[PDB]
Amino acid sequence: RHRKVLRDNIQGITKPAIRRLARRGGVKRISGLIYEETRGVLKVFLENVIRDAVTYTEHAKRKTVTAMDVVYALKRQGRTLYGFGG
Amino acid sequence: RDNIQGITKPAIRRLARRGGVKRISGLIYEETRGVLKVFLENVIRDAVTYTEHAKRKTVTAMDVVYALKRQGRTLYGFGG
Amino acid sequence: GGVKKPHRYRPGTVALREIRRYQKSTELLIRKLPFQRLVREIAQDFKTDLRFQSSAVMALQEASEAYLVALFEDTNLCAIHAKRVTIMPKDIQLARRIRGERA
Amino acid sequence: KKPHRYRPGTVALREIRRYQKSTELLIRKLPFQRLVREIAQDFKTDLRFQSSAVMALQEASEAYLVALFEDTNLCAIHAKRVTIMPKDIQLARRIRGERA
Amino acid sequence: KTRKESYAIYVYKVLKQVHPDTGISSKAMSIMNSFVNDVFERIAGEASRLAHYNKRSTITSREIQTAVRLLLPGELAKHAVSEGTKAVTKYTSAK
Amino acid sequence: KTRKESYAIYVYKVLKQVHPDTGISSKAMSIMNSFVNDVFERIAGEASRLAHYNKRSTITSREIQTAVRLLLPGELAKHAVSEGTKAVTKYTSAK
Amino acid sequence: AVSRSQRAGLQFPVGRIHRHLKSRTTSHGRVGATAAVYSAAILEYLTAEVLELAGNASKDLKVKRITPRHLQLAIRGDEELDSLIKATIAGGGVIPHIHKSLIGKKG
Amino acid sequence: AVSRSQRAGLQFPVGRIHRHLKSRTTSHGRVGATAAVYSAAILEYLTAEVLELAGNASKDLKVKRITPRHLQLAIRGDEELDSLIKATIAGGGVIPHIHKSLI
DNA sequence: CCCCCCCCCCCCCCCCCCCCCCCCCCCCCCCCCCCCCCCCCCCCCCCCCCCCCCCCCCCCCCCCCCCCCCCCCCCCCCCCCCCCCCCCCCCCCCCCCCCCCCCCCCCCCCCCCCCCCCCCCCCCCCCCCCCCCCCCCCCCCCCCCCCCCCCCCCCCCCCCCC
DNA sequence: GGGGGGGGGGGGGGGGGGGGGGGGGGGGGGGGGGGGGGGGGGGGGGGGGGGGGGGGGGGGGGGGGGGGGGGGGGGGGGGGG
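Cut-off values and rules
- Residues numbered from 1 in each chain as written, not as in the entry; some residues may be left out.
- Chains lettered and ligands numbered in written order.
- Part of a larger assembly, values for the part shown.
- Heavy atoms only, no water.
- Residues with missing side-chain atoms left out of burial classes, pairs and counts.
- Helix = DSSP H or I, 4+ residues; strand = E, 2+ residues; numbered from the N terminus.
- Rg over C-alpha atoms; globule rule 2.2 N^0.38 Å.
- Expected span 1.5 Å × (residues − 1).
- Contact = heavy atoms within 4.5 Å.
- Nonpolar A, V, L, I, M, F, W, Y, C, P; charged D, E, K, R; others polar.
- Pairing = 2+ DSSP bridges.
- Axes fitted to C-alpha atoms, helices over the stretch in contact; angles between N-to-C directions.
- Left-handed = near helix turned anticlockwise from the far one by under 90°.
- Parallel < 35°, antiparallel > 145°, perpendicular 65-115°, else oblique.

- The record names cryo-EM as the way this model was obtained, at a resolution of 4.16 Å.

## Some words on the overall build of chain C
Line of reasoning, step 1. The helix and strand inventory of chain C stands at 4 helices and 2 strands.
Line of reasoning, step 2. Of the regular secondary structure in chain C, the N- to C-terminal order runs α-α-β-α-β-α.
Line of reasoning, step 3. Here chain C has a C-alpha radius of gyration of 19 Å; the compact-globule value for 103 residues is 13 Å, and the former is much larger.
Line of reasoning, step 4. Projected onto its principal axes, the C-alpha coordinates of chain C cover approximately 65 × 40 × 25 Å.

## What to know about the overall build of chain G
Line of reasoning, step 1. Scanning chain G for helices and strands turns up 5 helices and 3 strands.
Line of reasoning, step 2. For 107 residues, the compact-globule estimate of 2.2 N^0.38 gives 13 Å, and chain G exceeds it by more than 25% at 20 Å.
Line of reasoning, step 3. Taken along its principal axes, the extent of the C-alpha atoms in chain G is 70 × 35 × 20 Å.

## With respect to unusual backbone geometry
Line of reasoning, step 1. Phi at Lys-55 of chain B takes a positive value of approximately 65°, unusual for a residue other than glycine.
Line of reasoning, step 2. For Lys-55 of chain B, the position within the fold is in the loop between α2 (28–53) and β2 (58–59).

## A look at helix α2 (residues 26–53) of chain F
Think of an α-helix as turning once every 3.6 residues; residues three or four places apart then point the same way.
Line of reasoning, step 1. With 28 residues, α2 of chain F ought to run about 40 Å at 1.5 Å a step, and its terminal C-alpha atoms sit 41 Å apart, in line with that.
Line of reasoning, step 2. Positive backbone phi, approximately 55°, marks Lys-55 of chain F, located one or two places after α2 of chain F.

## Description of the interface of chain D and chain B
Line of reasoning, step 1. Tallying the contact residues gives 23 residues for chain D and 20 residues for chain B.
Line of reasoning, step 2. Mapped by element, the contributors of at least two residues to the side of chain D that touches chain B are α1 (10–21), α2 (29–41), β1 (48–49), α3 (51–78) and β2 (83–84) of chain D.
Line of reasoning, step 3. In terms of residue count, the dominant contributor to the side of chain D that touches chain B is α3 of chain D (6 residues).
Line of reasoning, step 4. Considering only residue class, the side of chain D that touches chain B consists of 16 nonpolar, 3 polar and 4 charged.
Line of reasoning, step 5. Across 2 bridges, strand β1 (residues 23–24) of chain B lies against β2 of chain D in parallel orientation. Residue pairing in the sheet places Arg-23 of chain B in a bridge with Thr-83 of chain D of β2 of chain D.

## Focus: the arrangement of the chains
Line of reasoning, step 1. In this view chain A stays clear of chain B, with the nearest C-alpha atoms of the two still 11 Å from each other.
Line of reasoning, step 2. The two partners chain D and chain E share no contact, and the minimum distance between any of their C-alpha atoms is 12 Å.

## Some details on the packing of α2 of chain F against helix α3 (residues 61–71) of chain F
Residues and elements named next belong to chain F.
Line of reasoning, step 1. One can describe the packing of α2 onto α3 by two numbers: an axis separation of 8 Å at closest approach and a directional angle of 115°. Crossing hand, α2 versus α3: right-handed. Listed contacts from α3 to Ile-43, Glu-46 and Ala-47 of α2 are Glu-63, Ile-64 and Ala-67.
Line of reasoning, step 2. Considered class by class, the residues forming the contact of α2 with α3 number 4 nonpolar, no polar and 2 charged.

## Examining the packing of α3 of chain D against helix α4 (residues 86–96) of chain D
Residues and elements named next belong to chain D.
Line of reasoning, step 1. Their axes nearest at 8 Å, the elements α3 and α4 cross at an angle of 115°. The angle between the axes of α3 and α4 places the two elements in the roughly perpendicular class. Where α3 crosses over α4, the handedness of that crossing is right-handed. Taken together, the residues of α4 that come into contact with α3 (itself represented by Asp-71, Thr-72, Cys-75 and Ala-76) are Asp-88, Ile-89 and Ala-92.

## Let's talk about the interface of chain C and chain A
Bring the parts together and some accessible area is lost; that lost area is often taken as the interface size.
Line of reasoning, step 1. Of the residues lining the interface, 25 residues belong to chain C; the matching set on chain A comes to 21 residues.
Line of reasoning, step 2. Secondary-structure elements contributing two or more residues to the side of chain C that touches chain A are α1 (13–23), α2 (32–44), β1 (51–52), α3 (54–81) and β2 (86–87) of chain C.
Line of reasoning, step 3. Per-element tally for the side of chain C that touches chain A: the top contributor is α3 of chain C, with 6 residues.
Line of reasoning, step 4. Considering only residue class, the side of chain C that touches chain A consists of 16 nonpolar, 3 polar and 6 charged.
Line of reasoning, step 5. Where strand β1 (residues 29–30) of chain A meets β2 of chain C, 2 bridges bridge the pair, whose relative direction is parallel. Residue pairing for β2 of chain C: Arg-29 of chain A is matched across the bridge by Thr-86 of chain C.

Written out as structure tokens, the structure reads:
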């Protein structure tokens, strides 16, 4: 029976988290503009994946997005994932 | 004269131009040839595997088309 | 000086120390709750009233960090090709144009 | 006698225009046919080829190399050059996931 | 000599409604036929995967529809779906 | 019903043969389970088309072999083909 | 007789599409009555969309027949078709284009 | 009564694999006697190859259970397995590596 | 007669001597929770065994089309001269990394209720199958028509050089 | 600036490979109607898992400052298309 409005959660991918991801990817020095670029690239990636996952969910007339929905959506886009299904 | 050298600088130069390339280093010619050899090996290997399975001795356009598709290099205009 | 110059690693030394560290571990590098809200927010803007199995969200996080990390390796190759050690937005863009993506 | 010479890069731009305008194949045919048959011979002997098969292989190869030259050029330009070099072809194949 | 089915005559009919005075070369028709075969394959394939994910055996117009939403980019999908609902309707209401 | 098939007991058997004193975490078994399903879907898929292209309706061990030569990298293919062959020959030697 | 296709108001072969769907099936599976209709309308629509753009590409060249080059022009030129059609179009060439930094003499 | 697996000298389930092939059939599709046998052998062999290498890695790390990190070192580490397995392995991190020009 | 004998110029090259506080790192150690691990049935599930089709192979027949050749036609390779371009170095400012400090929001642990989803069970609208009727599309053969595309002529514009 | 030499463009033209229009066929689709069978939707039903709410505390995050570093720019040279 209540609420809470989600806004600007992309800023939750913080500068330290982006730096950690770059370190694992072997990056040594990061310019100041990389952070807003990474956020934009992550938003698009998730939009494309969430869009397909939610399409499988609705098709099945469910209201719950399942790990399988995500796994089939990742597969359709050529990004197979092992560890939940594939 | 080795066959791979039948793919000549002039032909390689024309492909680059269609690719919008303006100036070409001299080492590019051997590199392009290696790249084409690998591409052709990957595709012919799959085409010939379809031929043998069909028990023929003639590689057909379809065998090449199914080989290209398998590799994510779908081609239109030759059947299939 | 008295207690003399307080020790200071040169720029780059801690950064290399960091690559060695994160490259040998496997944990998720983005905080969990904030990543869950980002997921709920994008989902909501497509269809309201959706619920999520917690493992569905974990699957999106693993996929996302695996996608970003591989994109930073490619971006790092574009910076070095340009004789720099600093990755820039143009390096990320070059990597995505060649990968055949866009946005 | 007749002293007329175009500046380095002028004919080159003319070629880019001419070749992006046209659609014909650019590798001479027999040489390509020979290359194909030789590569095939290591996978199976006494092989024959439909004519349309050799043609499909040539159309696929040229579309592939042309597209590889476009990415290669982007890598040279990224490095502030206008001349493509083997390291640009390499960077481009590496990012495409083809590795070699 | 065994019959090779093709979509050529139907592609030509659609061509005529679209540019009544335009023609189409042989090599171009071959391309269109490859295009039509390719799209039907990607669509039936996704639709049967949809059916299987949901423990079902029938490929209904509803699977074809979700498959179109998964395969086509925004606008193309908007109109395509629209063209699909419209054919089914006109066909459902008949004798 | 509710019972879901898994390849885990079989993966454990194979692990015991190659590393008798080695265990596998559940996360790791989950990955192996996905890996096996993935490879099987890929082989059956190639075998089907393969059969299709040849106007055959039966998927035999011959289609599976060609599917395997198309899917595995050079050396993995040779060893897999020889293990496939060995198991067919033995199987038919009992009937 | 009428015919499924005529009955649906389409040019694409509903009967044939249906038959084909019965073969892209799960062992013992079925095909809905209208599924073929829907599929046929989707293929008809996309075919129309490409012919329409390829057809414009040839008229703007003052020619009567659509060629592979016209199909390549129409497809790479539209964001949505470009995205949907990744296949190589034999005989189509590329869209003309020279990077600003190669075009020059500069000043 | 000998199982078809036992009859083939395999650990992987032939009967089940045969069942799964019959249902991905395609209408009037038939599945030959030996197709499932050959399939179970390819599957068991690939599985054996991946475990052999993961198990070596869990061992060079003085540890008993294979983890996703071990599966990932084993797969990225082998040219052919790396080529065959493009999937993302959740929890596997990456292979340590730093470009010479950054050191 | 240019190369040869100068000429000085950056370039390196030992040489001095520690560091040194983190930075791992590696061994040890110990709770802990999850991973097995029996039990416990049990629906499943895979094997067998006739009984009945059946599709595929295989030899044969057919016959376009592949390779090969000859005659005719064309792209390639070339050595050379030139100039720009890539590379290298130097210079400089800006920017980003290291460190510090303070803070707080993510995490962890619990539970709990309610949604919602799966599973089963019931029911029935819907699809398949079948045979019959019919139309029918791909093919062959044909064969008149035609859109194209290379070519030509004339003119305009651009580029390079002076 | 001009010439000098080219390429390029535009419009027009012609033959010929390509395309089309025709007739003819026939095994094979296509459609029909009737019968029978089957997939599935609803309708509970029960159980399982997902937000949600609570509280406590420390690691994560942010901001700030400083300096070292690194990128960009410019010039020049020999060298390579």
